[PDB]
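Below you will find one chain, with nothing else, as structure tokens; this is the form deposited in one PDB entry, and questions on how it binds or moves follow later.
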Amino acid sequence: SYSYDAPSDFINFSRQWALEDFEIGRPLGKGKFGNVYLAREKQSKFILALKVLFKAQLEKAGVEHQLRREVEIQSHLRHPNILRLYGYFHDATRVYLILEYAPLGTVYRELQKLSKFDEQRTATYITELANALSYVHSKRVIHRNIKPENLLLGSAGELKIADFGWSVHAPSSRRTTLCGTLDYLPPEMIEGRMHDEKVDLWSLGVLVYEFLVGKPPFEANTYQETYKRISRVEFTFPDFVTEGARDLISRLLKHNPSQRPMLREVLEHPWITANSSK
């Protein structure tokens, strides 16, 4: 049940994929269902990332259909600021995603090192991110999981959107995380609200805030308090956040999704154009 509408054939980086095509290196990270390994295609010596997923853990979590969406959606996207998915294959026990290797790690880790980004580094990242999301949204795809952990850095330090495991086509009501006993709840208590590409515009506004401040705007001790802060749009600005940054953040963190700007208004925002290098 692992036949996707996505490439599975050998690629000459200089016949179906096989595990014997790859040399394996250090783990680049640990996912929930397996590790992502630094890898190399043997013939071309091309460096890639090999995401290994265990079929047993995929099925016990019932996530086999969202994996299909991740593979099919990401493999058909071609953008300099989006992580390539060159193809996939599977054997008896594992599924392998052949991913573009991002050498400079996650924006999450870079934010940990630098504590907070200056306005120019932030505006440049937001330009790259808005460009990539514009391309994603032109395909009617919602990423729905935009956050520093899922933003990788290319060899030139540019942003690469990664982790399309939650991506869907707009509009959608699909949930992302399900917890608790559902057996007795009606549909109106388990189904998510209808949402579209404006979801990623909100996440983009959260990123502008955390890039400049060093912490997310709705941070709280419990899930419930964070839930209320988000639902009621309860956040405040430290005094060092400039007026132009406060304007862009406030325009993006709108409870009404239709009131959030188009990505082109973000790219042309005065604070962005004044501080971005791209």
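Position 1 is the first residue in the sequence shown; the rest follow in order.
**Student:** I want to verify a possible break: how many residues of the deposited sequence sit between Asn256 and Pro257 without any coordinates (none, 1 to 3, 4 to 9, 10 or more)?
**Tutor:** Unresolved stretch here: none.
**Student:** Quick one: say whether 207-215 or 56-64 has the higher mean Cα B-factor in the deposited entry.
**Tutor:** If you average the C-alpha B-factors of 207-215 and of 56-64, the larger mean comes out for 56-64.
**Student:** Take the C-alpha B-factors listed in the entry for 174-182 and for 156-164, compute each mean, and give the stretch with the larger one.
**Tutor:** Per the PDB entry, the higher value belongs to 174-182.
**Student:** Quiz for you: based on the deposited Cα B-factor, which of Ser44, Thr236, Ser250, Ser231 is highest?
**Tutor:** So the option with the highest C-alpha B-factor is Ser44.
**Student:** Should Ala92 be placed in the lowest, middle or highest third of its chain by the C-alpha B factor in the entry?
**Tutor:** It belongs to the highest third of the chain when residues are ordered by C-alpha B-factor.
**Student:** Grab the CA temperature factor for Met262 from the record and place it in the lowest, middle or highest third of its chain.
**Tutor:** Ranked within chain, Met262 CA B lands in the middle tercile.
**Student:** Taking the chain's C-alpha temperature factors as the reference, tell me which third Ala49 falls into: lowest, middle or highest.
**Tutor:** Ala49: CA B-factor falls in the lowest third of its chain.
**Student:** What third of the chain does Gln112 rank in for C-alpha temperature factor, lowest, middle or highest?
**Tutor:** Highest third of the chain for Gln112's C-alpha B-factor.
**Student:** Give the position of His76 by CA B-factor within its chain, expressed as the lowest, middle or highest third.
**Tutor:** Ranked within chain, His76 CA B lands in the highest tercile.
The same protein has a further form, the form solved in complex with a small molecule, not shown here; the description that follows concerns it.
**Student:** The small molecule is absent from this chain, but in the entry with it bound, do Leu248, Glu265 and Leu267 each have a non-hydrogen atom within 4.5 Å of it?
**Tutor:** No, none of the three is in contact.
**Student:** Test of understanding: in the entry with it bound, would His90 fall inside 4.5 Å of the small molecule by heavy atoms?
**Tutor:** Result yes; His90 sits at the interface with the small molecule in the entry with it bound.
**Student:** Against the small molecule in the entry with it bound, would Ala130 count as a contact residue? Criterion: heavy atoms within 4.5 Å.
**Tutor:** Heavy-atom contact with the small molecule at 4.5 Å: absent for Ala130.
**Student:** Taking heavy atoms and a 4.5 Å cut-off, does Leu58 contact the small molecule in the entry with it bound?
**Tutor:** It does: once the small molecule is placed as it appears in the entry with it bound, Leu58 has a heavy atom within 4.5 Å of it.
**Student:** Taking 4.5 angstroms as the cut-off for heavy atoms, does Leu212 touch the small molecule in the entry with it bound?
**Tutor:** Output for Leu212 is no: heavy atoms all beyond 4.5 Å of the small molecule.
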